[PDB]
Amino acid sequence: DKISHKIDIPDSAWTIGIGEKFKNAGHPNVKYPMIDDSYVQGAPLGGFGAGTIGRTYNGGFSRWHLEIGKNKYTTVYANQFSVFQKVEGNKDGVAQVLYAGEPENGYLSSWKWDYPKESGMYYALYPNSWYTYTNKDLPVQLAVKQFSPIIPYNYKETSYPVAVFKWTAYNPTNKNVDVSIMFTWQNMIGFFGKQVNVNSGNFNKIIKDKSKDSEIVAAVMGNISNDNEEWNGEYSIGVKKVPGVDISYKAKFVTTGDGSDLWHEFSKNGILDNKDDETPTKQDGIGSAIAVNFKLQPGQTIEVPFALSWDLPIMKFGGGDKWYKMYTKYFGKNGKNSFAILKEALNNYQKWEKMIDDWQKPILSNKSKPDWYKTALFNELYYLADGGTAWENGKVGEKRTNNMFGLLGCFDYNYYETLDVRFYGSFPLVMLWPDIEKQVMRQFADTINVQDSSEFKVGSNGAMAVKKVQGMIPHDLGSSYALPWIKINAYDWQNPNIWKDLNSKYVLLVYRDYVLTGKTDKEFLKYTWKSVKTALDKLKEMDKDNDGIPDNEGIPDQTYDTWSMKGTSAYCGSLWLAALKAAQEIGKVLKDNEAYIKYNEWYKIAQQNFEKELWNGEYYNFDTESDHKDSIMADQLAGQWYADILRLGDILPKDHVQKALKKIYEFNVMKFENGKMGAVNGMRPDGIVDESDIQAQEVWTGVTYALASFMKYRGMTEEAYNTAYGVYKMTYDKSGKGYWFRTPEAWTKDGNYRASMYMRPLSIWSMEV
């Protein structure tokens, strides 16, 4: 490996060998169908709300999130980079697709597949990833840096459906070598959203933009139809000319054929025919190819940028609504703008790289933090782009000031902005894209007094319940299979209108979003104030025994939605205490004296009774009425965790909080698989895991990262990082279970998982407050 010296990969990048087999991989631990796309994954390309494309560590474009809210894992084999090399003096050169695999059928059989093992590495530090190619049959060593412009406090480039592939080629040998790099792409119009005639009318055109010192050659892969539909739009690939490279292209090759129409050209001398051809296809799949060819002398390095864009302006949800995607604000809505997007990227990628470096640098340069923590902190952010992210710029047929946003809880449980989860998972948005965060919270504010009296069948018990109760915060803002932002509470496993955590979490999120954006946004507090008061007042009505605290009802009426709580729970009780303290402070800020007084009175009564009911001398009991009421819950003091972040002080005595955190580390962490797998949710006082429900026997990745941040704020530095380390290890390490770029909700002691690609572990960013 002589190429690594010519590029700048951070030491904290996650790494794996190209073509590496992973032996230890986990699988779903439930009986019902659950997504398991394998460990062959990578950092995604594409902006927020753009639709994303997962290019894996083996080189294939395989995890397709272009249909917003859906996950489709299938390798489109025509989509590749390939290399040609010929040493001066040799008769023939060699050509190789840079993909560690081959197609399942006979299509593209002429191409040289099966990039060999031990010949290159993949590296990821989101939003950047890299591949190096160090192959004994390729005298010129190559590397590529690929990324999308995901930039905190930037709501423009961050939305773009674009990726840059910045290639570096170096000749360490003592002979001249001719080199070509070729990007191939299938015209994917009709890949989704088209019920019939899936390739018909697809056609490819070549664009040559020859303006002084900025020559670009691109293929635009579209359809002859000007229809404005979810399926229609354009893909573009292309390259910018640099000194010492020549560009060649082929507008049209057949992807549903043996591929030799293209490969016979590339394999001969690395130069394509430059044949334009706009003839539309009928049944056959087609694709385009863009290549560069150059001669490298001994010791010479060259850099050349390629790009990919996709202009698919309309997203459709299963309930029938069609929306424009956010990036259409910047490029237009007609779906004929892929070249414009590509051109912006090719002309500005160096600036974008620097903007990314500028945001990563403060963390990466901090030599007090271990590399592994940096690996997890950046790579967990993959989910902000890969979580079915929807970001609208108008309904089709519709202008509003704001652009609604939604991130999925996960794909298996396909609900937008699951609030009991976003309490943990929204830290990166408040910290890095706060205008999105505040918009999402205003979305929730607007739903508080919505009433929907139609009934749904509750999954857990078969009972009928009202869809949405006035004054109760919704569980979620709908499903991609139905109507995001329009039909809320798509979740039906439990009835969220009787949940004891949602209303308190809502208030805590509101106050968090004020505190972590500088305590300046009075107007955000003004917008949300009525909903905050309503939420707490409604939750107070669920106090059955007048101890000042809502009563859990002996069912799973909160985020642990198979783990029943009864009476006063540590979890919902502490959240309630903190929400009351937050509402007191908002009342002071807004000069609402009567609110301050009321919530202060409620807080003092509840705080006294919480302490008396639950403090056992060593920790806070799980609850007051369950069979295993004395279980040690990892999340028992979630309200105090948020109170630290919100700077609300002690809601419980410092001494008792410290004892409880030490107990949790001693038991839930250290007595669960030697503390190498995170914090198990429930442990019995005898040091055996609580078996009352499956969720007690799970480590929740987002709960564990949040607990680590809590420990860190409380000065338990070693404990904090050791607790988080188990989550990192399981996700990323060779000794783990292969969950990189699909961090799950949970795993059990065997390492097998529930719900890959999950929002909650974004809570790692709470460690940076």
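Numbering starts at 1 and follows the sequence shown.
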Using what the record says, work out whether there is a hole in the model between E398 and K399 and how many deposited residues it spans (none, 1 to 3, 4 to 9, 10 or more). 1 to 3
Which is higher in the entry, the mean Cα B factor of 191 to 199 or that of 692 to 700? 191 to 199
Taking the deposited Cα B-factors and averaging over 460 to 468 and over 322 to 330, the higher mean is found in 460 to 468
Out of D420, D630, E157, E278, which one has a C-alpha B factor higher than all the others in the entry? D630
Which is it among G106, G425, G335, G287: the one with the largest CA B-factor in the entry? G106
Of the three thirds of its chain by CA temperature factor, lowest, middle or highest, which one includes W615? highest
Report the third (lowest, middle or highest) to which the CA temperature factor of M767 belongs, ranking only the modelled residues of the same chain. middle
Which third, lowest, middle or highest, does the C-alpha temperature factor of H27 belong to within its own chain? middle
For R63, the third of its chain by CA B-factor is the lowest
For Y349, the third of its chain into which the C-alpha B factor falls: middle
